[PDB]
Structures are given as structure tokens and as C-alpha cells.
Amino acid sequence: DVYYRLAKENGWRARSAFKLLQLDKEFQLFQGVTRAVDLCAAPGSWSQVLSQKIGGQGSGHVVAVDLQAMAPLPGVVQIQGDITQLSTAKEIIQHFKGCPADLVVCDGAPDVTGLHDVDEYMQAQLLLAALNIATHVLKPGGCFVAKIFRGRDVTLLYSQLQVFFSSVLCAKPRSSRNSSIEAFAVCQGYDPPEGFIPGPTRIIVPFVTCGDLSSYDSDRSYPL
Amino acid sequence: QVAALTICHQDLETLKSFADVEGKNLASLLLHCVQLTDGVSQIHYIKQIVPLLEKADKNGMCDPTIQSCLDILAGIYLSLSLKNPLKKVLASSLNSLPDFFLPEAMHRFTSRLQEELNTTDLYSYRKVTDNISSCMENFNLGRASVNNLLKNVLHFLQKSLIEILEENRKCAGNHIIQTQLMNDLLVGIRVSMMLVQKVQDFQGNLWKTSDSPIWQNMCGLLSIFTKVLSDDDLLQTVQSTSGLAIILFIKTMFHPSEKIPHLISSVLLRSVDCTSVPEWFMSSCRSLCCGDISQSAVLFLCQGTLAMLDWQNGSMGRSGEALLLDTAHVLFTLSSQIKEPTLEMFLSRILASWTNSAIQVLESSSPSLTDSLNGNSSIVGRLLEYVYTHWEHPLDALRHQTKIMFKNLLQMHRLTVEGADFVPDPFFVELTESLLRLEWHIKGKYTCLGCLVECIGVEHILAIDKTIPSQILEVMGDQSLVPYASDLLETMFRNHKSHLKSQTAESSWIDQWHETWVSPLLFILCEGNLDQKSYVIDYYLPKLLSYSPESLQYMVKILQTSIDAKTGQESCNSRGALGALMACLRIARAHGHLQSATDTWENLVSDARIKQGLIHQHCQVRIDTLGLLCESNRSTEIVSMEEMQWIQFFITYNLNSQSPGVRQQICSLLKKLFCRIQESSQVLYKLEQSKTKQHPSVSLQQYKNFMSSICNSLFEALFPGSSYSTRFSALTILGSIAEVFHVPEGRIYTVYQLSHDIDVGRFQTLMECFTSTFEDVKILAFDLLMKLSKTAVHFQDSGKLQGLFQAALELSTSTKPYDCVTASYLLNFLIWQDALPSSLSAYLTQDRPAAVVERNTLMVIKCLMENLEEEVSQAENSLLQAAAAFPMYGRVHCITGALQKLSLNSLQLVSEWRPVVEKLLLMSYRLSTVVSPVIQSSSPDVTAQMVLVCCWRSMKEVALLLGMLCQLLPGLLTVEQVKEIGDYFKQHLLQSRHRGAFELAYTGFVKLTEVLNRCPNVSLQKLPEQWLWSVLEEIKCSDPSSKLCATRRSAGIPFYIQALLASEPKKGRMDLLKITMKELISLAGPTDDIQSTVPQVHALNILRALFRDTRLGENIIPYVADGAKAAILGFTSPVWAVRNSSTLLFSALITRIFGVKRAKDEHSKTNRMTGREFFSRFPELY
RNA sequence: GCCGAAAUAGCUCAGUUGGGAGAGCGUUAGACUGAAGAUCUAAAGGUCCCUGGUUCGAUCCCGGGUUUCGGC
Ligand SMILES: Nc1ncnc2c1ncn2[C@@H]1O[C@H](CSCC[C@H](N)C(=O)O)[C@@H](O)[C@H]1O
Ligand SMILES: [Mg+2]
Ligand SMILES: [Mg+2]
Ligand SMILES: [Mg+2]
Ligand SMILES: [Mg+2]
Ligand SMILES: [Mg+2]
Ligand SMILES: [Mg+2]
Ligand SMILES: [Mg+2]
Ligand SMILES: [Zn+2]
């Protein structure tokens, strides 16, 4: 490919940066974003893109979190920890009392093994954690970008994501390897349920945590 | 190469006391022979030895001179190793001695052999055994001698075996010595079996009395054989051979012969009555009676039973048949219990041997055995179950043995149902129908169907379904199924042709044959997809054309028509016809079939058609047309002018091919053409000097012009900015020319010499090919420049070479990360052609060209080392400018590259090479210390990225340099230095905490570890096991506060364990693996202790790597099930890390068990296996 | 007419000694990230020109033959 070179040639810590930029020019992610959250940034390339495209104004605030350590950037605050753990979730949400983030990105992935079912399982777990963080932070009508692994069965993930967002789109930028099954779910228009706090919730939350339909079940014949 | 004959010094006077200055006697011939060096005229004089003895058949009493001559001949023969052909030479010569001289030669050679047998040196035993072996094969001199010394040779064999066993049990710890001792045991056992089989003394009883020394030596040998069979620390070859020997001796030594099959039967069933065997058997074979023998013992005993008994002619009778059935029962019982891979391979071989023995018995057996051995019997059912379970075993030997078993099963059934009326047997039909239900990706289907086709004939399979040939052709687009499909189709049409030439005896049958086998082939050739076309052309079409060459005329006529109709229309079938025609014609020409006609035909190919093919859009058509022109059956056929013009036309355009396979095929075919030119130029020259055709001198001039123009084209293709494929192709073809026409330099005539066509400028361009960014091009240019003659300073003046040296020195210190590769190639070129400046002689203190290249390497390495020392000191001062101005990894890379070219095992200036190696190690450690803290931690007009590049590149270069230096066979490398190197690799690779120094150190450590295994010093070859133990007991008490990191799939510990396990000899013993897997599986098991999570984590991280390594491969199977359990039981653990590790390990296990994916998307059934296979391979998972 | 050489995977080449046939290239599969993915892994593909022997067992030992050559 060519973007592995361009990552080293330019001031990008990894090739993955070019995946974010190519998702702007096709979805206009950085319309009016002022504060954004970056999940699972290994070297910080996505954090770098966000800082250069939002923090260039000066007031842009960016929070990056990963399982590993990162080289610090001007205008980005780094957190090391497992976003699956509740403590990391709490300290992340600690940064967003009052003003909520306009954009939440998640680039995480497990150690991709090659057979795709286990990758979907692990990615589903990571996406559930990321979605929890999002719903707990970003402002309604906001944006949530998340890496997914498009395998044979992707309807469930789309169904779950559609509940929380007005628009859900699946995109594969030019920088993504054509042999790889990775893709990106871009979620436009955060539209949380009316009775949802971080009626409708009793049906949605069980279905989003897992494909749990044990809310339409009944002990008497259904009304007509 | 031959070994010069030698003689005993004190024999000289003995042969001098009978020599004569005149030289009439044989003694003078011996003098002349021994005082020589060429082992060729000696052979001639050896022939003439016989007439000298023949010319004295009148004395009536052997001349003492002849006596001493033959004694010296015997002494020389017994002192000759088996690797020397002269040994067999004089064996053959003395085989033809005159009948008058036989008795004295008998007696005296007997005496020489006898005194040879009295040796007592342990390490001289192998030579004596080899001598006894030689005296048996087609050597009448030694056969009578050994026949006269049975007692002595048996005593020697017994004592030698005992002493070798004692020495082997005493030399535990060193495995090279143990390997040699095992080989000595093996040759001893094989020689003993030869003696018992091939001595005309063991027939009749004549020696079975207890007082006979032969009998007592035989009993002692039998006892040794039993003892070595029951042993388990020896090579399995030794034990199997021992089982063979045991059965052979029992068969030989047992007086009531008719009771031998019964007795052996009991021994196999472990149901022998200790109170009914003869006393000698109980004394010698106590282990065989009274139970408690391993499963390997029974396996090898039944192997010997099948191999070493007379199954033909029904000698053993009903007891023999019962023994056959009992052996089958025992083998099936063992099949379910054996789990070691090598033992499984042995069992497969033995089952195939059982089928052979069943064939032999069944050819004259009783009607009772027929019922128990037919295709519907239980035994054959179990055998078919074995075959179905095992045709897709990972081991190749297993699969081959299963094929043998299946073929023999069908033959057994045929023998049992010889009372047959109509050909298609119900059993065969049912088997065929059941096989046809399998999918077409099942590889065993093809082989089983081939055997069935040869059993019942292909007409019945075609009657069942007449679209089978098309179905088989449709899978031919998938490589790795192409060979099986090709073989099946070939079997099918061979059988079909044999069937059609049957009762219906005319010439029209071929038509039907054609429409069955050629028409679908033509359709595929014209309209198939690209992969299908390529594979059918490469694999299947040659078989069909070779079998029936008269079909070519049929194909061409069909294709030519489809070509001409194309011009009528100005269709796909008319579009692919040209490529198919070229493929058929290329195959026909290369095999010399009817198309061998002096520019490829009079009318099959025209100029327009050939030019169209040579430039076609499809790579396959271009390759097939080029092959039609280039390759011919006759290796010296003249290249015509038309072919030269077409080849020049082709070269103009086909140098930029993008497929590496296509490019490689093009280069190979062109090399074939150049070989044809070279070989026919010699014929032309011979005709020219021998004072229709065109006066061969004309053809020689044409060859010279053609080669010169081809070189012109190739050198034009090296213009600035030329692609990678065009430089690759040009340099490959130039190197091929240089190699092919470098043949007749010991000869007198050469049609072309590339060196004559090399100007100064062409040399400049060839050297400038060292600056290409691709290393393949650098390598090809280097090879081509080295192949040329008179090149070093002929093309270059001293000042410009000094400029080149300065340029290489400057490239070795540039910040660009890949200039050091160019500097290394430039420096190697200057070294290997003695083009270094004169000032470099000031670094060392003072034709064998190896010596001068070694001196040059030493000088340049010392210069690089001085620069490196200065730069490393300044880097210690401040790493910023070191990363900015003089990164240190370029010099290290150049040093390693220079050393890589030498033969480190055969240096000659060790006084000079010792201090340099010491300084090299010291500077490596200094540089590593400087740059490592930057690579574990974060950053400390120079960006941080280039600092990181400098640091990790230095890490990589130092690791590779240490791995290189480890190949000095520690001498120039002391044991302390090797220990320090190993410690360096252990400090990294376990404390890196970062991706750097995980795969960086692994390659160097693997090199060091393999060397450590092969080392003969005992203190060194025990290092890997000690390191393995150290790291394992480090793992148990991990204490999460340690420097070990969990991320990046582990703290490099899997790489350490993999490298240590790599030392184990390939398929040799694998004892480290058993220990490691026992400990890791135990660690990964459920733990009550909460703190015991981390030892459970690392295990699953290590195990994962161990289950995907290719080296461990088939040795890891007996642990899969256990590992699987762990993974599954680790998926339910409350801790997250244990579950994640379990997931990754389980992925690796799935890949190991079911194999790599066969196609990109569908995975219909390509990676599934039946329940029977899965639960036979891993029965503890059900 | 004698004498001698060569034949191993799709291609280019290794193979002391009788005990599972070795590599390179090409092909297939996998990879979220760095350190030219121009990289890493792990698979797949042969019974050694053909045919008889010797042997428990042959690429290897022995005898015939085929094809392509070299020498007299
Ligand atoms: N459970 C988890 N919690 C936090 N980070 C995680 C995680 N599982 C995986 N990750 C992170 O997922 C990332 C995989 S690749 C990340 C690429 C990075 N975003 C870039 O800009 O290039 C790694 O950073 C890994 O640490
Ligand atoms: Mg590194
Ligand atoms: Mg060879
Ligand atoms: Mg390869
Ligand atoms: Mg294989
Ligand atoms: Mg035999
Ligand atoms: Mg044979
Ligand atoms: Mg001739
Ligand atoms: Zn007993």
C-alpha cells in the first residue's frame, strides 16, 4: 500500500490517521466539534488528527484513553486504562460535567486472530463499552465513529446502533486494507431514548447489552 | 574424488624381501601400485594382478612371494573403508583368482580376518563390523572365511554390542557421542541379521545342541536383542531392528518348526505359558514371557512377525493363518492406544505390511480364511475405517501408507471372490457409489477413485455418471487440487483407451475417446478462466499429449479452423483458439512429438500468428509462444534466423512483466534458448573443421550477431528511471548469459563472450545498479559483476576507485535508513576484487585468493570499527547529534555484511581475528547500552522520530551482528563470551516491555541457539535446557510487579521459549517440548489461589505461540486436546485476562486442528472434518 | 562400433553413509498498530527417467532400457 509510507513521511504517528481524514471529506465529522473523546488510541494518530483539526482553534479539548502509554501532545489529555473497567469509565466521564463532547471516536480492536467469529465477539464487547461511554458523555445529535469488523453477520450490530442514533452508516476508507474486513460505523445524530438515563429503556437497554428480547415476553395471550 | 591407497610400513620390507629390480613377480607390481597417488592406474594394475598369478600354474605349490603378495592384498583390503571404490575394485579383482591358488589364500585371509576379530578398541568396532559386512556381498574370498569363523564372529558381535550399550549408558549427556553409538548398534544388528540369513551353515539342525559354541553365542545375541528391544532411551530404529532380529532368531533357533507360528502368536497376545516354552527361550527371552512389555515392543514384534516369516506357499499352514488374524487383532488394539506421532507412522507401515502378507497368504489359502478376509469381513471393515480416518493425516508418510493399504484391500477382495461371473462386484459398486458422494475438495476421494478405476474399469464409473470428467476439470482451477485431479483423469483415460481397444477392434474407437477426453479439454483451453487455463496447461495437458501424441493432429485441426473463422468475422471460442494452439504446439515441440520440424512447422505457425502470440494480452499466451520458440526436445538443434528475429521482437516489449511468476518463466525460457545456442555452436564448429544447410560459418556469424544485439537490447533496458521488473529481467538474463557462455573456458572454441561486449560505460551502469532501492537488483548486479572476467581495475583508474571507497564510507554514516545497504554492497564489491586503496594497508601489521579477500575484509572492518568507536563515544556524550549526524547502525550493518561473505569456519589469521572480535563485542554492548533506555522509555532541528529510528535500527543491527558472530563455533569465541551473548539476549526479549526488542532479538537468539545445539562441547550444549528451566521457574512466581509486560501478546517470553525449543534436533528427540508442555498445561489449569492468575496468564500466552509455530508442527498434536480443555475452561474464569488469553489460544488451536483457510470467502466445507476423524485424533474431547 | 555423462516439486537447484525427500522462487491463507506490509507468519506441492533385482526396508547397492549428449 501507500499510506504506510505516508504515515512516516508526514507528521502522523501511524497509518490509521489517514483513515480518519478520509472519513471527514465524506461525512463532514468536524463541522462544529469543539470537545471530542478518543478511545483506544495506540500511538495517538487519531488524537493528533483531532488536535490539529479542533485544537487548532485553541479552545478544543481532547481526551484520549488507551490500554497502553502514549507520547503526550499539546492540547490532549491522556489516560491509561481499560475502558471495559468501570473505574476508567468513571474517570473519563469525570472530564465532562456540564459541557458534553460533540464527537466520540473509537479505533479499538482485539488482537485480531484471523478467524472472524472470535473477532466479532471481542469487537462486540469493545463496542458495547465504547457505546456506554458515548451515551454517558456526548451531547444529543452528536457523532460517534467506531471501528467494526464486517463479517458474515452484521445486522445485529446495525440494529443495536440504530436505536441510539438518527443515522448509522458503514464506510471503508481508502487507507483501510482491502483484504482486511475492518470497517467504520459512523453514527450521526445522537438521539437517546426519552426515558433513558445513563418504559422505553426496559426494552432498549436489554437489547443493546445483548440481543435480549425478554421484554416482549408475556404470561397471557397478546392483545389484538 | 577417491582416497589414495595406503599400506603398513613394516610390510614394506616384507614386500621388499620378495621384490625384484627386473620386475617379473607380482611383488614389483605391488611396489609400483603402493607408491602412487592417483587411484586410477592402481585399478588397472589391479586388473593385471590376475594374469600374473595365472602365468604360474605349473609349480604345484604356492610361491612364497605370491603368498606374501596375497597377504598384503588382504591386509590392504581389510584396511579399506567402504567409502573407497578401490575396495570394491580389488574385491572384484580377487573374485577372479585362479583355482590353483584358492586354498592358501583361504587359509591366510582367514588368519588375517581372525586376528582382525581380536581387536578391543571400542571405537574400532565399526570398522570390523563393516569388514564383516563386506565379506558377505559377492566376495567369494571372505564368504568362506566367515563361514569358517562363525564362532569367532558371533562372539565379536556379542561383545561389541554389549560394550557399545555400556558406553552409551555411560556417555549420557552428550548426544553426538550417543548418536554415533546408536549407529554402531544399528550396524551391528543389521550385520547379525545378514549373517543368520546368508550363511550356508544355519540350515538343518546340526548345531542346536546346547554344547555348540554357535548355539551359545546365538542365545547370547538373542538375549541382547530382547534387552535392547525393551529399552526405551534408544533410537526407535534400533528397537524396530531389534524386533526384526528377535523374530528372525526365534524362527531360526526353534527346533519344532511347526510350533513357531503358535508360540509367536502367544507372545503377541501376552498369553504365553511360562511352563511350556523351552528353557533356552526363558533364559534369553524372559521379558517376552512373564509379561510387562511396552506397546512399542509389541508393535515392533508384530512388524518383525510380518517381515521375517514365510507367508507364500502356505508353509506355516493353518497356524500361519491364525497368526495372521491374531496379528491383525493386536494391531487394531494398538491403533486406539498409540498416540505418539512416530509410533503412528510405524503403525501405518506395519498395517500396510499386514495387507501385503494377507495378499501372499490369500493366494493359496484355505476356504475358511476366504470368509474372514473378504471385503465384507470385520477385519476389512476395520481397515477401511482406518483408511477413511487417516487419508488426510498431516504426515505425508501416513497418507502414502493409507493409499497402499486401500489398493491392497481391493486386491484382497478380488482374490477372495475369484469365483466371479460378471465383472462389477457388489462390494466394488457400493464402494464406488459411497465414494462418489464425497465433495470434490476431499483429496482422498481422488486416490481411492483411481484405485477403484483400475479395479473395475472406468466404463462403469462413466455409466454411473458420464459428466464426471467435466466435474473433475471444473476443480482444476484450484491449485493444490490440480495434481490429484490430473492423476485421476490420467488413470481414467488410460483405462478407457485400454477398454476401447478391447473386443471392438477397429480404428474408429479413437473418435469416441476423443469426444470423451479431448473435446472438454479444448473447451476449457479456449474458454475457461485464466487460472483454469494455466493449471490445465501446466499439469494436465502434457500428460494427455504424452500418452496419445496422435491426438495432437486432432486438436490442431480443430483449433486452426476456429482461428480462420475468426478472420471471417473480423466469439470467445474463436478468441482463445490462438492461445490453445500455442500451448499445444509448445508441448508437442518440447516432447519431440510429430511437431519437430525446423522452425516449428512449414505452415502451422506463420509470422503474423507468432507475432500476435508473442505480444498477446494474456500472460499465458506470451509464455507459451516464447516456449514454443525457445525450448526444443533436441538440445543441440540449430536456432534459425526466423527464431532470432522473433526473439528480438519479443525482448523489445516483454521486459516489464508484472507477475513475478510470469517474469521468472520468461527468464527461464530465455536461459534455455541460450543453452541451445551454446550447445549447437559446438556442433557447428565441429562441422566447420571437418574439411541444404548454409555453411555453418554463416550460422556462427549469425549467432554472434544475435547475441551481440540481445546484449545491446538488455543494456538499453537499463535507462534511468527504469522499472523494477525491467531491471530485474535485464540483470537476470545478463547473468544467465554470463553463466551459460562461461562453459568452454577449459575448451578451445566459444561462440560468444559477454566480457568482450562490456565497455567502460556498461560497467559504470552495472555498478550503478547498486543504488537501486530493491535488494534483489543489488544482488543480481553483484553476481553479474563477479561473473565477469578482467573487471576489477581494468575498467577503473585508481583515483575513481578511491572516490568509490570514499563514497561507501560516506553512505555508511548517512541518516537515510537504507543507504547502509548500498554502502555494504559497494564495500563487498571493492573487497572481493582487490580494489581497495593502498592506505588501508596501514591498519594491519604484516597466492591463496581466500587469503587476500580475508586481508581486505580485515582492513575494511578495522577502518569501520575505528569510525564506530569514535561515533559511539560521542553518542555516549550526547545522543541527539548522534541521531542527527552519525547514526551508528550503518557501520554495524557494513561490518556484518562484510563478515557474512566469509567462511567463518576457515579463517587463517586468528592472531588478527581474536582482538578484533573482542573489540567488536565490547562496542556492541556499549552501543546497546547507549540506545536501549530510549527504546523502552519515551523520548529523552532533530525530531524524536529520527532518534527512535536510530535507536531501534541500532538494536536490530547489534542483534544481527551478535547472531553472526555466534557462528564462529566457540577458537575465536570463548565460552564466557557465548554465555555473555546469551545473557544479553535474555536481558532483552524479557525486559523490553515494548514491541522493539521482541522480534528484534528473536532472530539473533535463534541463530545462537541452533549453533549451541550443534556445538560438540558438552558445557555449551547444556545451556538451552538450563535457560529453559530458569525461565520456567521464573514464570511460576511471576509477581506482577516484575518487568514483564502483558501487552503485545506477551513480554517476549513466547519468543524466548520458541527459540529455546528450536534448538531441539529436527524430529530427533524433542524432550524439552515434553517438559515445557507438561509445565505450561499444569500452570494453565484452574487455580484456587487468586494470586495464581499471572502464572495462568503467561502460560496461555506462551501456549498460543507454541501451537502455531511451524517447527513444533506435528510434535505438538498429543497436547492439542489438553490445550483445548485449558482454553475452554479458561473461557469461564471470572478474570478478564484469562478469558482473553483463552480466546487467542483457542483461535490458534482451531487453525492448527482444521488447517489454513482454502478460499477467501465461502468456506463451504473446506475447513471442516468429520466427527470420526476429529474424535479419533482427539478421543478425550468427546 | 566401443567408452563415458546427465534425468529430483510449476520453475531454478541441493541431496556422506540403506531407516519420513531439502531449500529458494512462484502459488494459497492470515494480519488493528510501529520499525519501505518492498514486512511478517503457516500452509500447499515429489517418491527421485522407466523397469527388474538385493534387502526387513532403496533417491542411495546391482543389472537391463529410454531420451538427450560428449569422446575415439
Ligand atoms: N479494552 C481496551 N481498553 C482500551 N484500549 C484498548 C482495549 N482493547 C484494545 N485497545 C486498544 O486498541 C488499539 C488497537 S489499534 C489502535 C490504533 C490507534 N487508534 C491509531 O490511531 O493508530 C490499541 O491501542 C489497544 O491498546
Ligand atoms: Mg522497535
Ligand atoms: Mg542431484
Ligand atoms: Mg515461498
Ligand atoms: Mg506437505
Ligand atoms: Mg526378499
Ligand atoms: Mg525397488
Ligand atoms: Mg554419438
Ligand atoms: Zn512366569
Side-chain angles (χ1 to χ4, degrees), chain A residues 1 4-5 7-8 13-16 19 40-43 45 68 107-115 119 123 147 149 176-177 179-180 182, chain B residues 81-83 88 130 137-138 183 186-187 190 193-194 197-198 235-238 240-241 243-245 247-248 303-304 306-308 342 345 349 353 394-398 400 478-483 531 534-535 537-539 591-592 633-636 659-665 667-669 671 679 682-683 724 773-776 817-818 948-949 951-953 955-956 994-996 999-1000 1048 1067 1108-1110 1113 1151-1152 1155-1160:
Chain A
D1 69 326
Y4 184 21
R5 304 271 171 131
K8 286 164 168 55
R13 311 197 177 180
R15 69 186 305 270
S16 281
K19 309 195 207 192
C40 297
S45 58
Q68 307 160 356
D107 207 23
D111 274 316
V112 181
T113 67
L115 73 164
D119 294 336
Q123 196 60 20
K147 181 188 287 180
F149 284 93
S176 172
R177 260 71 179 253
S179 61
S180 166
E182 82 165 335
Chain B
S81 73
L82 274 177
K83 315 188 71 158
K88 207 138 58 185
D130 295 332
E137 64 183 1
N138 73 47
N183 295 328
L186 185 49
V187 310
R190 301 187 331 115
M193 271 186 298
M194 281 185 238
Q197 282 272 55
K198 204 177 293 297
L235 295 185
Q236 293 179 356
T237 315
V238 174
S240 48
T241 316
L244 283 155
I247 299 294
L248 173 58
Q303 180 204 37
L306 299 166
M308 289 283 190
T342 66
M345 203 172 39
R349 284 204 269 267
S353 306
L395 278 74
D396 296 334
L398 273 290
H400 183 60
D478 166 38
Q479 194 165 2
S480 73
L481 280 182
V482 182
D531 287 338
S534 290
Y535 296 144
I537 279 160
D538 278 345
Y539 291 85
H591 290 177
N633 178 45
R634 284 179 24 99
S635 169
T636 61
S659 283
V662 163
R663 177 171 73 225
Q664 155 174 337
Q665 294 191 68
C667 297
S668 308
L669 283 165
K671 178 182 186 65
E679 295 199 26
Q682 305 291 323
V683 174
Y724 155 72
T773 310
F774 297 79
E775 197 148 356
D776 290 350
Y818 286 90
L948 277 296
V949 169
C951 294
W952 87 271
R953 285 259 177 208
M955 275 287 112
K956 164 171 167 294
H994 190 74
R995 199 236 64 69
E999 191 147 30
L1000 298 192
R1048 294 170 180 84
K1067 89 186 72 177
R1108 44 185 290 286
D1109 201 346
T1110 180
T1151 307
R1152 164 68 50 205
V1156 184
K1157 204 160 76 199
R1158 311 203 39 179
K1160 264 283 300 194

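Side-chain atoms are counted along with the backbone in the values below, which use heavy atoms only and exclude waters and symmetry mates. Letters go in sequence order (proteins before strands), and every chain restarts at 1.
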Notebook entry, point to check: When the nearest nucleotide of RNA chain C is assigned to B/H400 and to B/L186 on a heavy-atom basis, which residue is associated with the more 5' position?
Noted result: B/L186
Next item on the list: Starting at atom CD of B/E137, determine the distance to atom P of C/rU55, rounded to an integer number of angstrom.
Entry: 12 Å
Check: Stacked or not: do C/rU39 and C/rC40 have six-ring centres under 5.5 Å apart and planes under 30°?
Finding: yes
Notebook entry, point to check: Salt bridge between A/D107 and A/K19, side-chain N to carboxylate O under 4.0 Å?
Noted result: no
Item checked: Span that lies between the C1' atom of C/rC11 and that of C/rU27, in whole angstrom -> 12 Å
Margin query: Are there runs of at least three consecutive Watson-Crick or G-U pairs touching RNA chain C, with each pair's two distances under 3.5 angstrom? Give them by first number.
Written below: C:4-7 with C:66-69, C:10-13 with C:22-25, C:27-31 with C:39-43, C:49-53 with C:61-65
Next item on the list: Between B/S659 and B/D1109, just flag the one whose closest nucleotide in RNA chain C comes earlier from the 5' side.
Entry: B/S659
Check: In whole angstrom, what separates B/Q682's CD from C/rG70's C1'?
Finding: 11 Å
Check: For C/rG46, does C1'-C2'-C3'-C4' say north (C3'-endo side) or south (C2'-endo side)?
Finding: south
Strictly under 3.5 Å: I want the nitrogen or oxygen pairs between protein and nucleotides 30-35 of chain C, one per line.
{"residue": "C/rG30", "atom": "OP1", "partner": "B/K1157", "partner atom": "NZ", "Å": "2.7"}
{"residue": "C/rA31", "atom": "OP1", "partner": "A/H116", "partner atom": "NE2", "Å": "3.4"}
{"residue": "C/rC32", "atom": "OP1", "partner": "A/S180", "partner atom": "OG", "Å": "2.9"}
{"residue": "C/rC32", "atom": "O2'", "partner": "A/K147", "partner atom": "NZ", "Å": "2.8"}
{"residue": "C/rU33", "atom": "OP1", "partner": "A/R15", "partner atom": "NH1", "Å": "2.8"}
{"residue": "C/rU33", "atom": "OP1", "partner": "A/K19", "partner atom": "NZ", "Å": "3.3"}
{"residue": "C/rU33", "atom": "OP2", "partner": "A/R177", "partner atom": "NH1", "Å": "3.3"}
{"residue": "C/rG34", "atom": "OP1", "partner": "A/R15", "partner atom": "N", "Å": "2.9"}
{"residue": "C/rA35", "atom": "OP2", "partner": "A/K8", "partner atom": "NZ", "Å": "2.5"}
{"residue": "C/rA35", "atom": "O5'", "partner": "A/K8", "partner atom": "NZ", "Å": "3.4"}
{"residue": "C/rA35", "atom": "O4'", "partner": "B/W952", "partner atom": "NE1", "Å": "2.9"}
{"residue": "C/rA35", "atom": "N7", "partner": "B/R995", "partner atom": "NE", "Å": "2.6"}
{"residue": "C/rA35", "atom": "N6", "partner": "B/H994", "partner atom": "NE2", "Å": "2.9"}

Checklist line | Rounded interatomic separation in angstrom, taking CG from B/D396 and P from C/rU47 | finding: 11 Å
Next item on the list: Choose from C/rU54, C/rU41, C/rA42 the nucleotide whose nearest atom is closest to any side-chain atom of B/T1110.
Entry: C/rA42
Check: To the nearest angstrom, how far is B/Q236 atom CD from C/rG57 atom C1'?
Finding: 16 Å
Are there any protein N/O atoms within less than 3.5 Å of an N/O atom in nucleotides 10-12 of chain C, and if so, which ones and at what distance?
{"residue": "C/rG10", "atom": "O4'", "partner": "B/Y539", "partner atom": "OH", "Å": "3.3"}
{"residue": "C/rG10", "atom": "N2", "partner": "B/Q664", "partner atom": "NE2", "Å": "3.0"}
{"residue": "C/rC11", "atom": "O2'", "partner": "B/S668", "partner atom": "OG", "Å": "3.0"}
{"residue": "C/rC11", "atom": "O2", "partner": "B/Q664", "partner atom": "NE2", "Å": "3.1"}
{"residue": "C/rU12", "atom": "OP1", "partner": "B/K672", "partner atom": "NZ", "Å": "2.6"}

Notebook entry, point to check: How far does the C1' atom of C/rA21 sit from the matching atom of C/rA9, given to the nearest Å?
Noted result: 10 Å
Checklist line | Interatomic distance at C1', C/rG70 relative to C/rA29, whole Å | finding: 48 Å
Checklist line | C1' gap between C/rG19 and C/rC2, integer Å | finding: 41 Å
Checklist line | Chi-based syn or anti call at C/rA35, which uses purine or pyrimidine torsion atoms and a 90° bound | finding: syn
Next item on the list: Determine the sugar pucker of C/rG45: a positive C1'-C2'-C3'-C4' angle counts as north, a negative one as south.
Entry: north
Note to self: Between P on C/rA29 and CZ on B/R1158, what's the gap in Å once rounded to a whole number?
What the structure shows: 11 Å
Check: Under 3.5 Å, is there an N or O donor on one side and an acceptor on the other linking the side chain of A/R5 and the base of C/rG37?
Finding: no
Check: How is the sugar of C/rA31 puckered by the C1'-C2'-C3'-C4' sign, north or south?
Finding: north
Checklist line | Planes under 30° and centres under 5.5 Å for C/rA21 and C/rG22 | finding: no
Margin query: It should be established whether B/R1152 places a side-chain nitrogen or oxygen under 4.0 Å from OP1 or OP2 of nucleotide C/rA43.
Written below: yes
Margin query: Once you look at the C1'-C2'-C3'-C4' sign, would you call C/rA44 north or south?
Written below: north
Checklist line | Pucker family (sign of torsion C1'-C2'-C3'-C4'), C/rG64 | finding: north
